[PDB]
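J.: PDB entry and its sequence, pasted below:
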Protein chains: 2
Amino acid sequence: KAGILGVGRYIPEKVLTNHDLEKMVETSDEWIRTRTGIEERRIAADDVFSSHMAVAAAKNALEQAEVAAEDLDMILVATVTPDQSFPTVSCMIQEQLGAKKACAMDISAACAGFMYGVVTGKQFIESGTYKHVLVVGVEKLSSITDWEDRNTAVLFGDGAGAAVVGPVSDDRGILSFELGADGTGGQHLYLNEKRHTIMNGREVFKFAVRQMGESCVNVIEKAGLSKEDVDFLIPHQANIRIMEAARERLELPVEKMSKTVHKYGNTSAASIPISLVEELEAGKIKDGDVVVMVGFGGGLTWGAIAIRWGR
Amino acid sequence: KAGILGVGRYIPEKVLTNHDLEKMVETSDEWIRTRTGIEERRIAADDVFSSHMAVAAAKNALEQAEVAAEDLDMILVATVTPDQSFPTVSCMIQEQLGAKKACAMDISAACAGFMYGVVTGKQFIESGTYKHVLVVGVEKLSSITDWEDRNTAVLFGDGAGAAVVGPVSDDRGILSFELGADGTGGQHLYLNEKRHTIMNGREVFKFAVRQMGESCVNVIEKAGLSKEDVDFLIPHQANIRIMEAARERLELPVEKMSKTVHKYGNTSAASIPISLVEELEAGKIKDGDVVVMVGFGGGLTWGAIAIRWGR
């Protein structure tokens, strides 16, 4: 069975508060908090790109996993904001990390990308093909944000999260997963010709609130478990109201769902690993815990994973 | 075992000859043919994007495979020129094809992308996760070509190729594969700030000529076969001189290596499936044939696959 050996993240140091946003666009601290739950988000410096954030998250994950970069068989980077289209971020961090024998590809599934990546790594490991797969979710959404548009400029932050996937001692590891997509919703969330994110917020909300909880129930069902068997939920950190719908569907207490949207905003593919690190650093997730992760993203993509934590 | 159920392609109708190039840049028909072997290449119309070419290739592959789009479990599109970063081409063609239950992600491994994709599909099928995986290699390189630069504007064409991957009756299917990358070479082939392909042609040549043949030998070795066991070689169609080096390393006759670079140029991830369709339409590849495919790409990525043809 494939499981998670270690996780790391990179959080940019610059804090962008709602009151910093109040200068830039016609918004209010009250409106942002009430509708999204965001209070702050982090913004990468002008010389810090997805590759810089990804190497930092990757180094921390490798250190936590006790895995050397030279031992990686595969590097997968989920991003829609690479430094450039080619060379990919995965190729760039393969060089900077010294991961010589590793293959490298970037994958694009928007905010569901980290889930697509972990599931992809799972397939390569359980077939016996590879042993160690590095999966990184990284976004510099600040580089594709119309900072004049109050409807989106208050939603997005920057960051990177990373996990080393590998074989774990059985009972542990990824128990089940679901990956999905619905190209019909492509009109509702797209990058326009100015490389600016355009979103139909109402439509994306309707879709997310009903799909997040359903993907969660599916992976619990596929794992042969019950809702009471879930020890922690790590949702994509886009909107506290969407996150709350998933918590209700799973009948989980407030303290069993990771909440970092208020401090980092929506970091797209980086969101789930960033939240994972937060809970692991607070000691709220322990070996043997059943953890459900779930995300939705642009293009209308989604994914969910049920994992029993530990090696 | 996972194998290839059917293949299709889309070739743009507009032909760009070397004599059309002679008006545009300071080049000559003699120089292009002598150094690359290219005589013509195809250019997609201004209203034809990667998604349009990918749906066309996908439809032809599904028809040849006798697979309905509604039965696809996964859509993988290898491209560095999507219509936009999100929604992805895979999401776009998931909608246009009516592939409702299918998940969808784009992958980025430059000219090696189709190989990364087929191997990825192989992992999902042989684990029993999925049954039918659509893999598309598509590029509109004309949209990232500096048409003022004679060093690259004579190298690239547009196109799409597609394969349906699924379980095949054993003895058949993908016997072995190799995926690789070397981020060190990222400086030699990259997209610059104008979305123009910049290349150190001499360096990329040195790398490709020695890696194409070596990847080929590796996958033959991993399949437990000999060089005499190879019935056909389908190399990435970037440069006839690079292709010839691979043919020599495998001791193969001229008529057992696919050559379409002279008519389509370098189509990056689309190159191998486009050549596959060409040989299948000429009846040169038959069930039971051992086919080796191999490619190299920007970021310095590479891949090779040995497949026994048939279902």
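T.: Everything's here; your move. Numbering: from 1, shown residues only, chains lettered A, B, ... in the order given.
J.: which residues are in contact with whichever residue of the stretch 1-150 of chain A sits closest to chain B?
T.: When distances are taken as CB to the nearest CB, the stretch 1-150 of chain A reaches nearest to chain B at residue A:95, 2.8 Å away. Using the backbone N, CA and C atoms, a C-beta is placed for each residue, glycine as well. Counting by CB atoms under 8 Å, 6 or more residues apart in numbering or on different chains, residue A:95 makes contact with B:182, B:183, B:184, B:186.
J.: identify the residues contacting the residue lying closest to the first one once chain neighbours are set aside.
T.: The spatial neighbour of residue B:182 that comes closest, neighbours along the chain excluded (CB to CB, 6 or more residues apart in numbering or on different chains), is residue B:300 at 4.1 Å. Residues in contact with residue B:300 (CB under 8 Å, 6+ apart) are A:87, A:91, B:181, B:182, B:183, B:184, B:185, B:186, B:188, B:189, B:207.
J.: only alpha carbons, please: show the helix or strand where the residue of the stretch 1-150 of chain A closest to chain B lies as CSV.
T.: Element membership of residue A:95 [criterion: DSSP states H and E] is helix A:89-97. Extracted C-alpha coordinates of helix A:89-97, given in CSV (Å, rounded to 0.1, in the frame of the first residue of the first chain):
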residue,chain,number,x,y,z
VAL,A,89,8.5,23.2,-12.1
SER,A,90,9.0,19.5,-11.6
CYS,A,91,12.0,19.6,-13.9
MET,A,92,13.3,22.7,-12.2
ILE,A,93,13.1,21.2,-8.7
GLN,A,94,14.5,17.9,-9.9
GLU,A,95,17.6,19.8,-10.8
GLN,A,96,17.7,22.0,-7.7
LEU,A,97,17.1,19.0,-5.3
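J.: buried members of the contacts of residue B:300 into PyMOL, please.
T.: Here is the PyMOL command that picks out the buried ones among these, judged by 16 or more other CB atoms under 10 Å in any protein chain shown:
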select buried, (chain A and resi 87+91) or (chain B and resi 181+182+183+185+186+188+189+207)
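J.: quick check, nearest of the contacts of residue B:300 to residue B:40?
T.: Proximity of these to residue B:40 (CB to CB) peaks at residue B:189, which lies at 23.3 Å.
J.: I'd like to know how far the nearest residue to that closest one once chain neighbours are set aside sits from residue A:192.
T.: Excluding its sequence neighbours, the residue lying closest to residue B:189 (CB to CB, 6+ apart) is residue B:298, at 4.0 Å. The gap separating residue B:298 from residue A:192 is 26 Å, by CB to CB, to the nearest Å.
J.: which segments of chain A make up each domain?
T.: Domain assignment for chain A, taken from automatic domain parsing, gives A:2-167, A:173-308.
J.: deepest-packed of those, please.
T.: domain A:2-167 (a mean of 23; mean count of other CB atoms under 10 Å in any protein chain shown).
J.: what's the first-to-last distance across that one?
T.: In domain A:2-167, first residue to last residue: 5 Å (CA to CA, to the nearest Å).
J.: what's the answer for stretch A:180-187, then?
T.: End-to-end distance of stretch A:180-187 (CA to CA): 17 Å.
J.: touching it from outside, list them.
T.: Under CB under 8 Å, 6+ apart, the answer for stretch A:180-187 is A:109, A:200, A:203-204, A:207, A:211, A:215, A:298-303, B:75, B:87, B:90-96, B:100, B:102-105.
J.: the residues you listed in helices, which ones?
T.: A:203, A:204, A:207, A:211, A:215, B:90, B:91, B:92, B:93, B:94, B:95, B:96 (DSSP state H).
J.: hang on, isn't the first one packed against residue A:188?
T.: This means residue A:203. Yes. Between residue A:203 and residue A:188 there is a contact under CB atoms under 8 Å: 4.4 Å.
J.: related to what we said a few turns ago, closest to residue B:79 out of the contacts of residue A:95?
T.: Looking across the contacts of residue A:95 and measuring by CB to CB, the closest to residue B:79 is residue B:186, at 18.6 Å.
J.: about what we covered before: how close does the residue nearest to residue B:182 sit to residue A:246?
T.: The gap separating residue B:300 from residue A:246 is 41 Å, by CB to CB.
J.: what's the answer for residue A:13, then?
T.: Residue A:13 is 30 Å from residue A:246, by CB to CB.
J.: state the distance from the residue of the stretch 101-250 of chain A found nearest chain B to residue B:112.
T.: Nearest to chain B in the stretch 101-250 of chain A, going by CB to the nearest CB, is residue A:183, at a distance of 2.8 Å. According to CB to CB, residue A:183 stands 25 Å off from residue B:112.
J.: again, but for residue A:217
T.: 38 Å.
J.: over to residue A:172?
T.: Computed as CB to CB, the residue A:172 to residue B:112 distance reads 34 Å.
J.: what's the answer for residue A:222, then?
T.: Distance from residue A:222 to residue B:112, by CB to CB: 33 Å.
J.: now residue A:224
T.: Taking CB to CB, one finds residue A:224 at 39 Å from residue B:112.
J.: for residue A:301, same thing?
T.: Using CB to CB, we find residue A:301 at a distance of 23 Å from residue B:112.
J.: same check on residue A:60?
T.: For residue A:60, the distance to residue B:112 equals 29 Å [CB to CB].
J.: surely residue A:10 meets residue A:50?
T.: No. Contact criterion CB under 8 Å: residue A:10 and residue A:50 do not qualify, at 10.1 Å.
J.: name the residues contacting each of those two.
T.: Joint contacts of residue A:10 and residue A:50 (CB under 8 Å, 6+ apart) are A:138, A:160.
J.: by contact count, what packs against the host helix or strand of residue A:275?
T.: Secondary structure assigned from DSSP H and E places residue A:275 in helix A:271-281. Helices and strands touching helix A:271-281, by 3 or more CB pairs under 8 Å, 6 or more residues apart in numbering or on different chains; DSSP states H and E, are strand A:2-10, helix A:113-126, strand A:133-140, strand A:158-167, strand A:232-235, helix A:261-264, strand A:290-297.
J.: can you tell which of the ones you listed is closest to residue A:250?
T.: strand A:232-235 (6.1 Å).
J.: helix, strand, or coil at residue A:238?
T.: Using DSSP: H, G, I helix; E, B strand; the rest coil, the three-state assignment for residue A:238 comes out as coil.
J.: ok, now which ones touch it?
T.: Going by CB under 8 Å, 6+ apart, residue A:238 touches A:36, A:111, A:155, A:208, A:261, A:266, A:271, A:296.
J.: try residue A:55
T.: The contact partners of residue A:55, by CB under 8 Å, 6+ apart, come to A:92, A:93, A:96, A:97.
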